[PDB]
Amino acid sequence: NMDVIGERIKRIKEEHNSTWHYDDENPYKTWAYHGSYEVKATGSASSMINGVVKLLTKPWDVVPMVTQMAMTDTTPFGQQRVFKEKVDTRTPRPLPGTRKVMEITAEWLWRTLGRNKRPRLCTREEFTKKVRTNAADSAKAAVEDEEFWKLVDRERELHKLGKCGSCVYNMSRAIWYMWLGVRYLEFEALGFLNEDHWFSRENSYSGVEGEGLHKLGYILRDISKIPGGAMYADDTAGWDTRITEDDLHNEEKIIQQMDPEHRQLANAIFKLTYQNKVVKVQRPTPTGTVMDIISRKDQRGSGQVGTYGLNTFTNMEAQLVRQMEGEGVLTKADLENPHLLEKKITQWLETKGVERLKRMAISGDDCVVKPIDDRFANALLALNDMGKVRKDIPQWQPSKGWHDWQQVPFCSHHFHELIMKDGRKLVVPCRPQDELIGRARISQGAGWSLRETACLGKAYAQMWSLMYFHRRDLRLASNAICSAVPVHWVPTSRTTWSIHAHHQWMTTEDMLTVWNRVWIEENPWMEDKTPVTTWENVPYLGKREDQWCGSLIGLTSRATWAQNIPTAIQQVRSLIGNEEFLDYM
Ligand SMILES: O=C(O)Cc1ccc(O)c(-c2ccccc2)c1
Ligand SMILES: [Zn+2]
Ligand SMILES: [Zn+2]
């Protein structure tokens with residue numbers, strides 16, 4: 001293993017030779033531990049509270065989920081505890097027959113995904129534009145420095161030689177440029193998967209990349225129209241830890257469709273940074289805090305460019321395999337067989353594969369499958385054997401599916417069909433309300449002015465106006481936040497890093513105009529393009545559904561807050577000062 005990773009550790013060892021030591025009482029069991037060096041204190045045991053959102057959501061000061069979110073441990077102590085849980089494990093190797101099916105399915109899937117698109121290298125300019133648009137700090141400074149790009153060139157030259165010297169994944173500018181440079185090289189070689197939308201629904205059939213949260217429910221309702229069994233949405237326990245060396249070698253097959261110069265750089269990313277990896281992990285000690293240098297040959301690096309797409313790929317593959325087993329194409333004897341006949345697997349893929357892909361909605365480790373019947377519920381041999389063991393259920397207990405797409409969990413949400421006063425239907429995203437309120441009450445980091453705090457609060461409010469307007473308490477709180485924050489103040493900072501967030505709320509444009517554009521004009525499931533002229537015509541969930549999904553409507557504390565919200569708004573206004581405000585109540 002040292003032939004591939006040695007140079008990287010050598011550069012860390014040499015850079016930190018002042019404090020480099022081998023801590024013989026390190027906690028690593030399944031990862032190779034190489035050494036440690038002293039560092040400063042990074043992360044916090046608690047998160048800063050957004051005073052603007054908190055002041056305007058008084059009834060939720062007494063809500064347990066809201067309090068839990070106000071915590072989240074990011075210190076070296078919190079980093080170590082989550083590591084032991086799933087990260088520090090080994091996945092048993094799949095059986096030979098299982099490995100054969102995965103190989104036939106991966107080959108077929110990559111050809112299918114590349115039927116119209118050709119892989120290509122991503123550029124310094126694309127990465128720069130991406131860094132810039134997402135920064136509006138030290139990443140934008142690095143991108144504007146010519147010396148960073150000269151380091152990129154030097155690392156690339158090693159990659160072309162099949163060597164790596166600085167590509168280290170993490171759990172002043174010297175080590176920082178090595179990290180961003182590692183991400184740029186990864187982006188250069190594998191970025192086409194995201195940039196050229198290989199996992200869009202049109203390209204992948206099962207994929208939802210670029211669709212947006214506002215389209216996922218409609219996609220689930222369309223899947224519900226396909227004849228078959230129940231809709232299954234099984235959660236895998238720590239998906240990234242279950243990515244095997246066999247999965248990595250199947251994912252690598254995309255390089256076969258690349259141009260020689262691209263193939264060379266993607267192969268270096270696959271072989272030196274995915275199939276071999278050097279990781280930095282913070283750890284507290286009685287002496288203080290150290291940074292551990294560890295390595296392994298399998299699993300997925302969660303904070304990588306290709307992670308989403310390669311997880312989507314491997315999950316589409318794993319679900320097709322489960323679908324085959326449910327249909328009796330794959331038996332127990334087939335999975336143990338090192339001489340498994342390809343014919344019936346190839347025939348099923350060529351005749352049914354695309355139709356079987358359309359029965360799914362797959363976003364990384366998140367999947368929804370509507371099989372041809374319910375034999376799938378008990379088709380667990382290949383799923384467990386591939387290492388994709390379901391969370392919190394005995395390995396061999398049949399999966400429980402749903403007969404109503406509206407009950408199906410997907411991407412931390414469920415989706416409701418609403419009837420508007422004019423008879424038109426909307427399919428909206430929803431989640432337990434405490435999770436939405438709890439998230440909005442948190443400000444990222446510290447040292448943020450009231451101005452910056454109010455603008456993030458405004459971002460949360462406008463996200464609720466656009467995605468969660470159907471929740472009575474969220475429309476009320478949203479109107480209260482937007483009434484309390486100056487009209488011309490632009491929402492700054494993101495409400496989420498979700499791949500499904502299109503951030504249509506990151507504006508000073510009128511929210512009802514934005515609502516109309518998203519839900520009416522640009523909505524392909526809205527045949528009638530008549531604009532909604534008032535929020536009075538923007539529907540709510542049925543009162544009972546709003547309550548089942550966490551609404552405090554019907555409670556006294558809620559009626560008191562609603563009646564007295566102009567007072568709290570006026571308090572936020574007086575602390576912000578003499579600015580232009582609009583009353584949305
Ligand atoms: O990415 C995921 O798996 C789910 C997820 C999580 C958090 C979110 O804030 C959102 C989200 C909210 C509003 C608009 C778009 C996306 C989605
Ligand atoms: Zn490298
Ligand atoms: Zn709901």
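Residues numbered from 1 in each chain as written, not as in the entry; some residues may be left out. Chains lettered and ligands numbered in written order. Heavy atoms only, no water. Residues with missing side-chain atoms left out of burial classes, pairs and counts.

Enquirer: Quick rundown of the overall build of the chain? Include the residues and the values.
Expert: A count of helical and extended segments in the chain gives 24 helices and 10 strands. Taken over the C-alpha trace, the chain has a radius of gyration of 25 Å; the compact-globule value for 585 residues is 25 Å, and the two agree within 12%. Summarising its shape, the C-alpha atoms of the chain cover approximately 70 × 65 × 45 Å along the three principal directions. (Helix = DSSP H or I, 4+ residues; strand = E, 2+ residues; numbered from the N terminus. Rg over C-alpha atoms; globule rule 2.2 N^0.38 Å.)

Enquirer: An account of unusual backbone geometry is needed here, citing residue identities and associated values.
Expert: In this structure, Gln 299 is a non-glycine residue whose phi angle is positive, near 75 degrees. Looking at the secondary structure, you find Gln 299 in the loop between β5 (288-296) and α15 (307-326). By relative accessible area, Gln 299 is classed as buried at 4%. The backbone of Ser 493 sits at a positive phi, close to 65 degrees, despite the residue not being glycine. Mapped onto the secondary structure, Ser 493 falls in the loop between α21 (472-484) and α22 (511-521). (Buried < 20%, exposed > 50% of the residue type's maximum accessible area, 1.4 Å probe, protein only.)

Enquirer: Outline the packing of aromatic side chains, listing residues and values.
Expert: Per the stated rule, a full pass over the model turns up 20 aromatic pairs. Relative to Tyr 33, the ring of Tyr 22 has its centre 4.9 Å away and its plane inclined at 65 degrees; by these criteria the two rings are edge-to-face. In this pair, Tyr 22 is assigned in the loop between α1 (2-15) and β1 (32-38) and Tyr 33 in strand β1, connecting sequence segments 11 residues apart. A relative accessible area of 8% means that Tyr 33 is categorised as buried. (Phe/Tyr/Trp six-rings, centres within 6.5 Å; stacked < 30°, edge-to-face > 60°.)

Enquirer: Residue-level account of the nonpolar core, with values.
Expert: One broad trend across soluble globular proteins is that nonpolar side chains are buried collectively. Core analysis: the biggest nonpolar cluster contains 75 residues, and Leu 56, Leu 220, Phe 410, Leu 426, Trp 464, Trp 515 and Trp 519 have the highest contact counts within it. With 10 residues, the top contributor of residues to this core is helix α20 (residues 450-467). (Core = buried A, V, L, I, M, F, W, Y, C linked by side-chain atoms within 4.5 Å.)

Enquirer: Can you break down the coordination of the zinc ion (ligand 2) residue by residue, with the values?
Expert: Here the zinc ion (ligand 2) is held by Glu 155 (OE), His 159 (NE2), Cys 164 (SG) and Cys 167 (SG), and the distances to it run 2.1 to 2.5 Å. Each of the four donor atoms around the zinc ion (ligand 2) contributes to a set of angles spanning 93 to 123 degrees, which defines the coordination as tetrahedral. Counting residues between consecutive donors of the zinc ion (ligand 2) along the chain gives the motif E-x3-H-x4-C-x2-C. As far as burial versus exposure is concerned, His 159 and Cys 167 are alike and both buried. (Donors = N, O, S within 2.8 Å, 3.2 Å for Na, K, Ca; no water. Tetrahedral: all angles 85-135°; square planar, octahedral: opposite > 155°, others 65-115°.)

Enquirer: I'd like a description of the side chain of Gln 299, backed by residues and values.
Expert: A distance of 3.4 Å separates a polar side-chain atom of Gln 299 from the backbone oxygen of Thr 89. If sequence neighbours within four positions are ignored, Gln 299 has contacts with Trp 31, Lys 86, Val 87, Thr 89, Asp 240, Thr 241, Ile 243, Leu 248, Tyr 274 and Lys 277. (Polar contact = N/O pair within 3.5 Å; in protein donor to acceptor, adjacent residues only side chain to side chain. Contact = heavy atoms within 4.5 Å.)

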